[PDB]
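To kick things off, part of the complex as it is:
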Amino acid sequence: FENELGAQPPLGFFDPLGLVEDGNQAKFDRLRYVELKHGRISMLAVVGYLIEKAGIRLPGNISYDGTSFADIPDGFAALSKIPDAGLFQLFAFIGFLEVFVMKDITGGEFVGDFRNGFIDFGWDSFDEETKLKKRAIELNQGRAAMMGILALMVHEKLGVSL
């Protein structure tokens, strides 16, 4: 596992702990799945904090009860003032995505390929190493976004401005 998506020019196959020192492809493909899974969430979460921390809101009335989007605070306090009928819909739809329409159903080219032959914005017009270059970009962009969103969550409860 020394020349793959994670092998980078600054640190090629870092691996300090005792994770994959064997020929276990099935253990690597599970761990590569979750790292791409944590990265794709934390990429939207870094933007999803800095949109709310900048005060940007949807144009108003998150409910018919008379609660605007600007009334909902930013950060960890957002989950407390979201109305609970809509808090179920956030968990039900994300669960609808994560159970049904997010998987490698038809069989993709790699780990994390969720194009089931349904949505495809190209992926044929590439140089076959630009495919591996674009895949290694979203791994490392997903890598920095995990440490990014962990910094914004540890320093909100601390109160330190960033």
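That came through, no problem. Numbers count the residues shown, from 1 in each chain, chains lettered A, B, ... in the order given.

Residue A:134 - that's part of a helix, no?
Yes - assessed by DSSP: H, G, I helix; E, B strand; the rest coil, residue A:134 belongs to a helix.

tell me the SS of residue A:105?
coil.

What is the neighbour count of the closest residue to it other than its chain neighbours?
Closest residue to residue A:105 apart from its sequence neighbours, by Cβ to Cβ, 6 or more residues apart in numbering: residue A:116 at 4.9 Å. All C-beta spots, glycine's among them, are computed from the backbone N, C-alpha and C. Around residue A:116 there are 15 other residues, counting by other Cβ atoms under 10 Å.

how close does residue A:116 sit to residue A:102?
10 Å (Cβ to Cβ, to the nearest Å).

what does residue A:132 give?
Counting by Cβ to Cβ, the gap from residue A:132 to residue A:102 is 23 Å.

quick revisit: so the residue nearest to residue A:105 makes contact with residue A:106?
Yes - with contact defined as Cβ atoms under 8 Å, residue A:116 counts as touching residue A:106 (4.7 Å).

Shouldn't residue A:36 be within a strand?
No - applying three-state DSSP, one finds residue A:36 to be helix, outside a strand.

residue contacts, the closest residue to it other than its chain neighbours?
Excluding the flanking residues, the one nearest residue A:36 by Cβ to Cβ, 6+ apart is residue A:112, at 4.3 Å. Applying Cβ atoms under 8 Å, 6 or more residues apart in numbering to residue A:112 gives the contacts A:32, A:33, A:36, A:37, A:104.

Buried members of these into ChimeraX, please.
Written as a ChimeraX command, the selection of buried residues from the contacts of residue A:112, which uses 16 or more other Cβ atoms under 10 Å, is:
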select /A:32,36
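
the helices in chain A, which residues?
Ranges of helices within chain A are A:25-53, A:78-81, A:84-99, A:130-158, based on DSSP state H.

now those helices as TSV including distance to residue A:12?
Shown next, in TSV, are the helices of chain A (distance: least, Cβ to Cβ, whole Å):
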stretch	distance to residue A:12
helix A:25-53	16
helix A:78-81	40
helix A:84-99	33
helix A:130-158	12
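
Out of these, flag the one nearest residue A:61.
Set against residue A:61 and scored by Cβ to Cβ, the helices of chain A come closest in helix A:84-99, at 11.7 Å.

Give me the angle between the closest one and helix A:25-53.
Angle of helix A:84-99 versus helix A:25-53, following axes from the mean of the first three to the mean of the last three Cα atoms, to 10 degrees, is 150 degrees.

which residues sit against helix A:84-99?
Contacts with helix A:84-99, where a contact means Cβ under 8 Å, 6+ apart, come from A:62, A:63, A:79, A:82.

Chain B should go on the structure too:
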Amino acid sequence: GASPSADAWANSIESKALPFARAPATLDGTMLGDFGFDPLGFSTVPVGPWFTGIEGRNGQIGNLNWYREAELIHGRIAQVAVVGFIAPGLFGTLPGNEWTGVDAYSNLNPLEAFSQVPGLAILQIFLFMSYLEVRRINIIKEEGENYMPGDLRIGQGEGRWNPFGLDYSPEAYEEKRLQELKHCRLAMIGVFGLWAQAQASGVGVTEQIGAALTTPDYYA
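Below, chain B sits with the chains from the block before:
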């Protein structure tokens, strides 16, 4: 045509414990403690290790190794339980906190001392009694047909636990087996009388013997 146990009462050798009653043929004399005592004929209907599953529910013919397994485990508990019926009344009791409650371990009636001590006292006793019965099944499952009854791998012979040495002679070892079995059968009768007198008197046996081995206050 005939029963498998009616043919064992047809041979029906002479007995020693019931010398007027003609013990059945399934007491071959080859077992330890064979004194020809089976008036109800349980040895003619031998039992198998039913706890291992449905494949072990049926008993082999002429094999009383699981009746002897149940005889030894009843008698080994009954020996420890005679002392447990006695020793709180003789050597005092244990003290309690305000957590367990004071006078929790102090009930000298041994039967309602079960409901007086905390449940964690009995849960940990039961789980330690459980742990050696897990040890017994892992010995029975491993040895199978070559398992001698009462073996928890404690003592003299093969790779058993022997922290005391205990290297008996190979014929002094068979009188220790007979001393154990005769104390197994005796303490089973003794722990029944301890349990039945503790209900009939309501006190422990030292408060019952000690009140009967003393002179009355109007007589002194």
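
Residue A:83 and residue A:64 touch, don't they?
No - counting by Cβ under 8 Å, residue A:64 is not a contact partner of residue A:83; they are 9.7 Å apart.

neighbour-wise, which of those two wins?
It is residue A:83, of residue A:83 and residue A:64, that has more neighbours when counted by other Cβ atoms under 10 Å in any protein chain shown, with 14 against 7.

what residues are up against the more buried one?
When contacts are counted by Cβ atoms under 8 Å, 6 or more residues apart in numbering or on different chains, residue A:83 is found next to A:62, A:63, A:65, A:67.

How far does stretch A:101-111 stretch from one end to the other?
One end of stretch A:101-111 sits 16 Å from the other (Cα to Cα, to the nearest Å).

So which residues make contact with that stretch?
Against stretch A:101-111 from outside (Cβ under 8 Å, 6+ apart): A:29, A:32, A:33, A:36, A:112, A:113, A:114, A:115, A:116, A:117, A:135.

again, only using 7 Å
Identification of contacts with stretch A:101-111 by Cβ atoms under 7 Å, 6 or more residues apart in numbering or on different chains yields A:29, A:32, A:33, A:36, A:113, A:114, A:115, A:116, A:117, A:135.

close enough to count as contact, the fourth one and residue A:141?
No - under the criterion of Cβ atoms under 7 Å, residue A:36 makes no contact with residue A:141, lying 10.8 Å away.

wait, what's in contact with the most centrally placed residue in chain B?
Centroid-nearest residue in chain B, with Cα atoms, centre = their mean: residue B:75, separated by 1.6 Å. Applying Cβ under 7 Å, 6+ apart to residue B:75 gives the contacts B:184, B:185, B:187, B:188.

And chain B, what are its domain boundaries?
What the record gives for chain B is the domain set B:1-45, B:64-212, from automatic domain parsing.

Go through these and name the closest to residue A:14.
domain B:64-212 (44.7 Å).

Now do the closest one: distance from first to last residue.
Across domain B:64-212, the terminal residues are separated by 43 Å (Cα to Cα).

Equivalent analysis for stretch B:22-32, please.
Start-to-end, stretch B:22-32 (Cα to Cα) is 19 Å.

distance between it and the chain's centre?
21 Å (Cα atoms, centre = their mean, to the nearest Å).

Residue B:133: how many residues sit nearby?
13.

Please state the backbone phi and psi of the residue nearest to the centre of chain B?
Main-chain dihedrals, residue B:75, degrees, to the nearest 10: phi -80, psi -30.

Repeat that for residue B:154.
phi -130, psi 100.

Give me the distance between it and residue B:75.
15 Å.

one more, chain C:
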Amino acid sequence: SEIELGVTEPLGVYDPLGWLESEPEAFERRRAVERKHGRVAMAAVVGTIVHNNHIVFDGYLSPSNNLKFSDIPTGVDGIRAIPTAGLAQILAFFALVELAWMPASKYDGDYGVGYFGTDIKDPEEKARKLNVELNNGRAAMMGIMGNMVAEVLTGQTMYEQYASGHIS
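One more piece, chain C, placed on the ones above:
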């Protein structure tokens, strides 16, 4: 086979559109829709009976919105009295039924549950019950559609249509 599964005596095949000769490849889904529309309409019309008989659940549907189970109307607008998180829980659970557990794209109509749990192995007895699931579904489709138009045209629910003398 599913081709003879819906034909009974007093109508037989009965295609005024003739859609078994024309486009016969679409019959395998139209049977799956008629079986699906039948099973929903049977459960909708035995539920209309128990709604208007007042067999309610004696509690609160939503105490945060102060909805007792008896507060919901027993007619056509009773589905609208269910709140936002109430209708979201129905859409979330039956997405797990219609796509995962008993997937509604499976055109067999056969999700391994049988008729009260048993495989009817007699093929003449099994073909009789599937004529019954279709015929009682067909009569409930006209039943549940003759109950909505009997409420939106008279205003009353079924309990009030019967406790008025307003049948004839």
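
Revisit the contacts of stretch A:101-111 given that chain C is now included?
A:29, A:32, A:33, A:36, A:113, A:114, A:115, A:116, A:117, A:135.

ok, the first one to residue A:111 distance?
As defined by Cβ to Cβ, residue A:29 lies at a distance of 5 Å from residue A:111.

Same drill for these two, tell me which one is more crowded.
Neighbour tally, residue A:29 and residue A:111, criterion other Cβ under 10 Å: the higher count belongs to residue A:111, 18 against 12.

Neighbours of residue B:84, how many?
The burial count for residue B:84: 14, using other Cβ under 10 Å.

Excluding chain neighbours, what is closest to residue A:81?
Distances taken as Cβ to Cβ, 6 or more residues apart in numbering or on different chains put residue A:72 closest to residue A:81, at 4.9 Å, once the chain neighbours are dropped.

cool, residue C:44 as well?
Per Cβ to Cβ, 6+ apart, closest to residue C:44 is residue C:144, 4.7 Å.

ok so that neighbour is a strand residue?
No - using three-state DSSP, the assignment for residue C:144 is helix, not a strand.

packing partners for the longest helix seen in chain B?
Ranked by residue count and defined by DSSP H, the top helix of chain B is helix B:173-201. Secondary-structure packing of helix B:173-201 (3 or more Cβ pairs under 7 Å, 6 or more residues apart in numbering or on different chains; DSSP states H and E): helix B:65-84.

Next SSE downstream of the helix it packs on?
Following helix B:65-84 in sequence order, the next helix or strand is helix B:87-90 (DSSP states H and E).

Contact partners for the residue nearest to residue C:44?
C:41, C:44, C:45, C:48.

The closest residue to chain C within chain B - how many residues pack around it?
In chain B, the residue that lies nearest chain C is residue B:54 (26.3 Å; Cβ to the nearest Cβ). For residue B:54, the neighbour count with other Cβ under 10 Å is 7.

For it, which residues are in contact?
Taking Cβ under 7 Å, 6+ apart as the test, residue B:54 contacts no residue whatsoever.

so residue C:29 sits right up against residue C:107, yeah?
Yes - checked against Cβ under 7 Å, the pair residue C:29 and residue C:107 is within contact range at 5.7 Å.

What residues does chain C have near chain A?
Residues of chain C found near chain A (Cβ under 7 Å from any Cβ of the partner chain) are C:83, C:84, C:85, C:88, C:92, C:95, C:99.

please redo it, this time with the cut-off set to 10 Å
C:62, C:64-65, C:83-89, C:91-93, C:95-96, C:99-100 (Cβ under 10 Å from any Cβ of the partner chain).

Any of those buried? List them.
C:62, C:84, C:85, C:86, C:88, C:89, C:92, C:95 (16 or more other Cβ atoms under 10 Å in any protein chain shown).
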